[PDB]
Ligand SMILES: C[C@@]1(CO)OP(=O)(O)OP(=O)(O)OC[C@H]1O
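Given next, in structure tokens, is a single chain: the form deposited without the ligand.
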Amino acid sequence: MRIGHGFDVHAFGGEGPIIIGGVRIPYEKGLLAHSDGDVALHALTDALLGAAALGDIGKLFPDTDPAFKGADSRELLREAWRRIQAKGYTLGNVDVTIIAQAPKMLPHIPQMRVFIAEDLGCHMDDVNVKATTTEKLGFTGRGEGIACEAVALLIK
């Protein structure tokens, strides 16, 4: 009954591990962002919110508002989901597409699913995650950063 679309990108820099779909992945560099740069969750939240017609992470997570300043993506997703259910919506299914030249996400997909299908209730079958390489082409191909696109569905 309601469709949503999210999109988000983040740039590299900072040694430490990166976090995607709530999973800590080892890698040369880390992701910037003044919040743990979880492009996957951020794009997922935006999809969900955009389908409920509630904004785009700037309603709960602005940037200069003491409401939700320092918090990880898992908390925001969880908060965003609460407001969405407040408007009487329930999850149908969500599909997430991660775009990066490296590192390899294939081995982490399942753990990501577990996290996501946990912070939204629902069973894993209602959550899909996949990654794509881009073939060393754009800013993602040159390893300058990482991007993610997501879609979602709601009800009754």
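Note that the rigid core is defined as the largest set of C-alphas that superpose within 1.5 Å between two forms. For every residue, the number given is its place in the sequence shown, counted from 1.
**Student:** Which has the higher mean CA temperature factor in the PDB entry, 25 to 33 or 43 to 51?
**Tutor:** Taking the mean B-factor of the alpha carbons in each, 25 to 33 is higher.
**Student:** Return the residue from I116, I99, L60, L106 that has the highest Cα B-factor in the entry.
**Tutor:** Highest C-alpha B-factor among the listed residues goes to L60.
**Student:** Between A131, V94, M112, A67, which carries the biggest CA temperature factor in the record?
**Tutor:** Highest C-alpha B-factor among the listed options: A67.
**Student:** Please place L154 in the lowest, middle or highest third of its chain according to the CA B-factor in the PDB entry.
**Tutor:** As the PDB entry reports it, the C-alpha B-factor of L154 lands in the middle third of its chain.
Beyond the structure shown, there is the form deposited with the ligand bound, which is absent from this document and is the topic of what follows.
**Student:** Kindly check, after superposition on the C-alphas around the site, whether the ligand taken in the deposited bound form would be blocked here (3 or more of its atoms within 2.4 Å of a backbone or C-beta atom) or open?
**Tutor:** Open, per the superposed partner pose.
**Student:** Can you tell me whether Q111 touches the ligand? I mean in the deposited bound form, with a 4.5 angstroms heavy atom cut-off.
**Tutor:** No, no contact at 4.5 Å.
**Student:** Wondering, does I84 line up within 4.5 Å of the ligand in the deposited bound form on heavy atoms?
**Tutor:** Looking in the deposited bound form, residue contacts with the ligand do not include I84, since no heavy atom lies within 4.5 Å.
**Student:** So in the deposited bound form, is the ligand close enough to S35 to count as touching (4.5 Å, heavy atoms)?
**Tutor:** Heavy-atom contact with the ligand at 4.5 Å: present for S35.
**Student:** Report whether the minimum heavy atom distance between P26 and the ligand in the deposited bound form is within 4.5 Å.
**Tutor:** It does not: once the ligand is placed as it appears in the deposited bound form, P26 has no heavy atom within 4.5 Å of it.
**Student:** Could you list which residues of 1 to 27 come within 4.5 Å of the ligand in the deposited bound form, counting heavy atoms only?
**Tutor:** Read in sequence order, the residues that approach the ligand (within 4.5 Å, in the deposited bound form) are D8, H10.
**Student:** Select from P107, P26, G121, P62 the only position whose Cα moves 2 Å or more between this form and the one not shown when the core is aligned.
**Tutor:** That would be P62.
**Student:** How does the C-alpha distance between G143 and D63 change in the deposited bound form compared with the present structure, closer or farther, given a change of 3 angstroms or more?
**Tutor:** It is farther: in the deposited bound form, the C-alpha atoms of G143 and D63 lie at least 3 Å more apart than they do here.
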